[PDB]
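Positions are given from 1 along the sequence.
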Amino acid sequence: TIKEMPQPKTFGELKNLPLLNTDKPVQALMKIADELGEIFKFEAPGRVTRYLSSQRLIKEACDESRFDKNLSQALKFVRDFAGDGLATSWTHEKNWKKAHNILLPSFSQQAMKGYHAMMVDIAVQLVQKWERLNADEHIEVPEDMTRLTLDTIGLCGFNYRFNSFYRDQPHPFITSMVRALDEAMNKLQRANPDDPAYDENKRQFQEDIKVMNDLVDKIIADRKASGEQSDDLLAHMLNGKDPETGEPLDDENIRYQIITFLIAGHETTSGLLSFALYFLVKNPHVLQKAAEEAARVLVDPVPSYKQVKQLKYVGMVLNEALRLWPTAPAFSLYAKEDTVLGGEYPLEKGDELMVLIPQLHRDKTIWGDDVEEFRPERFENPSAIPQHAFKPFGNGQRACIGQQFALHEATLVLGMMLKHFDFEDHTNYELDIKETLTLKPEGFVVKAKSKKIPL
Ligand code: HEM
Ligand SMILES: C=Cc1ccccc1
């Protein structure tokens with residue numbers, strides 16, 4: 001009962017490699033999944049993986065007794081600046097489990113109560129920016145959402161203000177972070193990496209690692225010296241001990257966690273807010289329902305933590321945006337031991353799988369025929385969703401540690417935006433999804449007309 005896997009078109013000795021040599025490789029893989037179905041083999045010189053798209057097979061990929069997290073080539077390149085922080089570590093590295101145990105209490109739903117006031121500080125800066133636009137002016141949506149998420153992670157994470165709303169050119173740390181992510185990603189499509197064409201890329205990459213390390217190491221040192229007692233992510237790492245080994249993180253690994261929280265959280269969360277606003281302006285009845293909830297619930301000039309927990313329909317809007325365009329759209333696994341997937345695909349120890357999340361979230365056997373419609377009400381009875389059907393935050397012990405942070409920030413911000421403004425898709429925007437490590441609607445712009453409600 002061994003079934004042979006489909007495979008997309010090949011390019012002689014390059015196998016399937018040239019199919020990823022494209023501006024939008026995840027969108028290209030989705031089309032291949034539409035043509036080939038729930039599983040297909042993908043070969044490149046010296047490597048193979050199998051792309052999975054159905055809930056039936058991903059339910060089994062998510063079995064942690066059989067499969068563990070693999071570092072994709074993209075995460076191996078990001079590792080050159082994120083080191084052994086949580087997202088770029090293997091599960092078997094000592095620093096993965098130590099940092100996971102130390103940081104988990106700082107990321108819980110209960111922990112969000114202590115970060116709430118500083119998330120509101122940055123959210124009120126975004127609202128005031130928009131209130132202060134002139135009549136003719138419009139909003140660059142991903143750009144302003146990115147200023148917000150970076151500043152919120154910097155403030156809530158280590159008490160540092162990047163002051164992105166005071167700037168055209170970002171803080172030099174952010175410029176270096178973004179240029180290092182961009183070079184790590186560009187390295188995936190680089191035939192001759194030692195060509196002299198890339199000498200400047202190499203020099204600038206090392207310069208950017210140094211800018212990041214120098215700022216973050218200085219912030220850690222300033223804190224240790226001052227002895228200032230705080231309760232932010234940096235405080236928890238300075239003070240915390242892993243209950244298992246009894247050891248704290250060392251200062252180098254703390255620096256890698258801080259850089260990881262910025263890289264892992266900034267564009268995924270700004271992409272989520274950008275797609276959510278895109279889908280609301282494209283579905284005015286849904287926008288009106290979400291705006292009615294915001295006006296009902298957010299009765300004070302500043303939202304409270306409790307009021308954010310009552311934005312239930314806004315939370316469903318965000319889940320439905322994550323269903324259609326999950327902003328960290330794939331994750332990689334390897335077989336811990338020889339095993340058979342789905343009763344028909346034998347795998348050897350070490351074989352790789354790729355979970356293609358946007359295609360999982362379009363599985364009609366789970367969601368029904370209307371998978372392309374934006375309908376938040378499909379999250380009304382979440383106990384009915386089968387296991388492992390909805391995976392925007394990854395899987396198991398290697399799932400997103402920042403999930404509660406991301407969702408509380410996005411619910412708070414989207415709530416305030418709907419309370420304070422009416423929106424206009426003034427250009428009749430044509431969705432264009434730019435791919436980096438994450439997804440975003442490039443060039444999405446709106447006009448916001450103030451409801452003139454004070455802060
Ligand atoms: C909506 C926004 C977000 C999405 C969709 C998202 C998605 C994901 C996914 C899919 C993974 C698993 C990656 C893999 O298996 O290779 C992951 C891991 C991770 N994310 Fe998030 N993320 C978001 C926001 C955040 C934020 C705000 C933070 C930090 C505050 C964060 C920090 C991390 C970390 C540290 C990991 C690694 C955890 C571990 O392996 O122990 N993420 N994320
Ligand atoms: C949080 C997004 C993300 C994406 C890839 C690896 C680790 C985290």
Quiz item: With distance as the sole criterion, is a donor-acceptor pair present between the side chains of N253 and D84 under 3.5 Å?
Solution: yes
Quiz prompt | Ion pair check, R323 and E320, cut-off under 4.0 Å | solution = yes
Quiz prompt | Over 12 foreign heavy atoms within 6.0 Å of CZ, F165 | solution = yes
Self-check item: Check: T411 side chain, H408 main-chain N or O, donor-acceptor pair, under 3.5 Å
Solution: no
Quiz prompt | Ion pair check, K289 and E377, cut-off under 4.0 Å | solution = yes
Self-check item: Heavy-atom donor-acceptor pair, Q359 side chain to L356 backbone, under 3.5 Å
Solution: no
Practice problem: Report the C-alpha separation of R223 and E228 in whole Å, then their side-chain angles, then the decisive distance to 0.1 Å, and conclude whether the side-chain contact (heavy atoms from CB on, under 4.5 Å) test is met. | Solution: CA-CA 6 Å; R223 187 70 74 78; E228 176 185 13; 3.9 Å; yes
Exercise. Show the numbers, then the answer: is there a side chain to side chain donor-acceptor pair (under 3.5 Å) between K309 and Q109?
Key: CA-CA 10 Å; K309 300 307 105 175; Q109 184 61 224; 2.8 Å; yes
Exercise. For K440 and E267, indicate whether the former's side chain and the latter's backbone hold a donor-acceptor pair under 3.5 Å.
Key: no
Quiz item: Between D222 and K218, is a salt bridge (charged side-chain N to carboxylate O under 4.0 Å, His left out) present by the stated rule, with each step listed?
Solution: CA-CA 6 Å; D222 286 347; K218 180 186 211 318; 3.0 Å; yes
Quiz item: Side chains of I219 and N159: does their closest heavy-atom pair fall under 4.5 Å?
Solution: no
Quiz item: When you look at CD of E373, are more than 12 heavy atoms from neighbouring residues, nucleotides or ligands closer to it than 6.0 Å?
Solution: no
Quiz item: Does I433 offer a backbone N or O that forms a donor-acceptor pair with the side chain of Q27 under 3.5 Å?
Solution: yes
Exercise. May I ask you to decide if the ring planes of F444 and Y429 are parallel, tilted or perpendicular, using 30° and 60° as cut-offs?
Key: tilted
Practice problem: For side-chain contact (heavy atoms from CB on, under 4.5 Å), just list the numbers for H138 and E140, CA-CA rounded to whole Å, side-chain angles, deciding distance to a tenth of an Å, and then say yes or no. | Solution: CA-CA 7 Å; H138 63 271; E140 299 177 325; 4.3 Å; yes
Quiz item: Is there a donor in the side chain of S72 and an acceptor in the side chain of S332, or the other way round, less than 3.5 Å apart?
Solution: no
Quiz item: Checking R79 side chain against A74 main chain: does a donor-acceptor pair fall under 3.5 Å?
Solution: no
Quiz item: Between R56 (side chain) and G342 (backbone), is there a donor-acceptor pair under 3.5 Å?
Solution: yes
Quiz item: Taking the side chain from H388 and the backbone from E60, do they hold a donor-acceptor pair closer than 3.5 Å?
Solution: no
Self-check item: Short side-chain donor-acceptor distance under 3.5 Å, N239 and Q229
Solution: yes
Quiz item: Measuring from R132:CZ to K129:NZ, what's the distance to the nearest 0.5 Å?
Solution: 12.0 Å
Exercise. Determine, step by step, whether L148 and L273 satisfy the side-chain contact (heavy atoms from CB on, under 4.5 Å) criterion, reporting the C-alpha distance in whole Å, the side-chain angles of both residues, the deciding distance to 0.1 Å, and the verdict.
Key: CA-CA 10 Å; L148 174 120; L273 280 159; 4.0 Å; yes
Self-check item: Qualifying residue, where the test is side chain to side chain donor-acceptor pair (under 3.5 Å) with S176 and the options are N213, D214, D208
Solution: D208
Quiz item: Considering residues, nucleotides and ligands other than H285, do more than 12 of their heavy atoms fall under 6.0 Å from its NE2?
Solution: no
Quiz item: Where the side chain of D232 meets the backbone of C156, is there a donor-acceptor pair that is under 3.5 Å apart?
Solution: no
Quiz prompt | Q128 side chain to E131 side chain, donor-acceptor N/O pair below 3.5 angstrom | solution = no
Quiz item: In a check of side chain to side chain donor-acceptor pair (under 3.5 Å) between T339 and each of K349, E348, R66, which one passes?
Solution: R66
Quiz item: Where the side chain of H420 meets the backbone of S450, is there a donor-acceptor pair that is under 3.5 Å apart?
Solution: no
Practice problem: Look at the rings of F40 and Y51 and say which category their plane angle falls in: under 30° parallel, 30 to 60° tilted, over 60° perpendicular. | Solution: parallel
Quiz prompt | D300 atom CG, over 12 foreign heavy atoms within 6.0 Å | solution = yes
Quiz item: Hey, are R161 and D121 close enough for a salt bridge, meaning a charged N less than 4.0 Å from a carboxylate O?
Solution: yes
Exercise. Just say parallel, tilted or perpendicular for the rings of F205 and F81, cut-offs at 30° and 60°.
Key: perpendicular
Quiz prompt | Side-chain (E93) to main-chain (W90) donor-acceptor, under 3.5 angstrom | solution = yes
Quiz item: Near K24 NZ, under 6.0 Å, is it more than 12 heavy atoms from other residues, nucleotides or ligands?
Solution: yes
Quiz item: Does atom NZ of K282 have more than 12 heavy-atom neighbours, drawn from other residues, nucleotides or ligands, at distances under 6.0 Å?
Solution: yes
Self-check item: Chi angles and distances behind the side chain to side chain donor-acceptor pair (under 3.5 Å) call for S54, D363
Solution: CA-CA 6 Å; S54 63; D363 185 342; 5.0 Å; no
Quiz item: Side-chain contact, heavy-atom cut-off 4.5 Å: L233 with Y115?
Solution: yes
Quiz prompt | NZ/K76: more than 12 non-hydrogen atoms of other groups inside 6.0 Å | solution = yes
Self-check item: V216 and its side chain to side chain contact (heavy atoms under 4.5 Å, CB included) partner, picked from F173, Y256, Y160
Solution: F173
